[PDB]
Every structure is written in structure tokens, then in C-alpha cells.
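Trainee: In UniProt numbering, each residue's number is its place in the first sequence (first place is 1) plus 90.
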Amino acid sequence: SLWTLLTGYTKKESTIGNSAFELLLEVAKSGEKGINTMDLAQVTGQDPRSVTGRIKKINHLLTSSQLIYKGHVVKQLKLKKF
DNA sequence: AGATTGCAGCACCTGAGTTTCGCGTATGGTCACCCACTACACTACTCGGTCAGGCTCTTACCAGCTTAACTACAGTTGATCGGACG
Numbered sequence: 091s092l093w094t095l096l097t098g099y100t101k102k103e104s105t106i107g108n109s110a111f112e113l114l115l116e117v118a119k120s121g122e123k124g125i126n127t128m129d130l131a132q133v134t135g136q137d138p139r140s141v142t143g144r145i146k147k148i149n150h151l152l153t154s155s156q157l158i159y160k161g162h163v164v165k166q167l168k169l170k171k172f
């Protein structure tokens with residue numbers, strides 16, 4: 091049901107991998123504030139290459155835009171509903 | 001019409017053809033980092049010219065004389081020059 095409510099599909103058939111789904115859960119927790127890709131990377135505990143390669147699987151669910159943070163160039167992520 | 005026997009029907013364990021799958025193994029693709037090369041504008045030390053300072057060499061002497069040449073006066077002859085010719 092959590093899978094279905096967030097992705098629109100059940101765990102039994104959804105195309106999103108477990109790691110990418112946990113990324114989505116972090117964006118779900120942050121809601122209206124959303125998460126920048128580096129704080130997401132730090133909180134999930136994985137590197138920016140891995141985060142970027144995974145985020146492709148969910149870019150249709152997320153509104154995004156560029157921003158500059160701690161001298162690095164990053165994007166903000168928000169679920170469409172927020 | 002009974003003692004001997006086969007048909008074949010019931011049920012349950014089993015087997016392969018067929019399928020879906022997981023992984024190896026390996027291949028094209030994302031993207032993040034940091035490197036090499038280039039270059040417009042700059043930093044800064046030296047060399048170089050110019051100037052003064054002031055120590056330095058070398059001159060040539062005054063009138064006279066006494067060792068040395070010129071420096072004017074002077075006369076018939078050049079050959080460019082004017083200006084007109086062909």
C-alpha cells in the first residue's frame with residue numbers, strides 16, 4: 091500500500107528499485123521543503139554518482155530545479171503534490 | 001458354481017517438455033573529477049643611458065729671441081661661361 095500510494099504501482103510489479111524507492115521516501119519525508127541532491131546523498135548514505143544514476147528512475151514523480159549549495163551545483167527535488 | 005483368473009476402474013506419486021528465471025560475463029552508457037593546454041594582462045628585477053661629483057691628467061704659457069715657414073705685394077695665360085648659333 092505504501093508502494094502503491096507513492097509510486098502508483100505495487101512492489102510486485104513496479105519498475106523502481108529498492109534503493110531508488112528509499113530515495114523517494116526521503117523526498118516524501120521532506121515534503122514542501124524537499125531535499126537538495128547532496129543532503130539527500132548524505133542522509134541516504136551513498137555517493138552522488140549512485141544518487142544520480144538512481145534518481146533517473148523517479149524523475150517523472152519529482153519537480154526539480156537548479157540551486158547552488160556549499161559551493162557545489164545541485165538540484166532540489168519535491169513530489170509534485172507539494 | 002466354485003477356484004482360478006483377467007479386465008479395468010479407482011486413486012496418488014512422478015516424470016518430462018516447457019517455461020521463467022539468475023547469474024556470468026561482458027558490453028555500451030550515464031556523469032562526476034580533475035588534469036592539460038592555452039592566454040590576456042601583470043608583476044618585478046635587471047640593464048641601460050644620463051647626470052653629477054671631484055679627483056685626475058695635460059697644457060703652454062708674458063714680452064722677446066731665435067729657431068722654423070709662409071703670406072701678402074706681384075704677371076701672361078687658361079677654358080667656363082654667356083647667349084646665341086645650328
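No residue lacks a Cβ here, since even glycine has one placed at the ideal position from N, Cα and C.
#1: Would you kindly work out how many angstroms separate the C-alpha atoms of residue 113 and residue 134, rounded to a whole number?
#2: Could you please give the first and the last residue of the uninterrupted beta strand (DSSP E) stretch that includes residue 152?
#3: Starting from residue 168, trace the beta strand (DSSP E) in both directions and tell me its first and last residue.
#4: Entirely within the stretch 105-149 and at least 4 residues each: give me those alpha helix (DSSP H) ranges in chain order.
#5: Quick one: using the 10 Å Cβ neighbour count with 16 as the cut-off for buried, is residue 130 buried or exposed?
Mentor: Result, derived from the coordinates:
#1: 7 Å
#2: 152-159
#3: 162-169
#4: Whole alpha helix (DSSP H) segments, 4+ residues: 108-120, 127-134 and 138-145.
#5: buried
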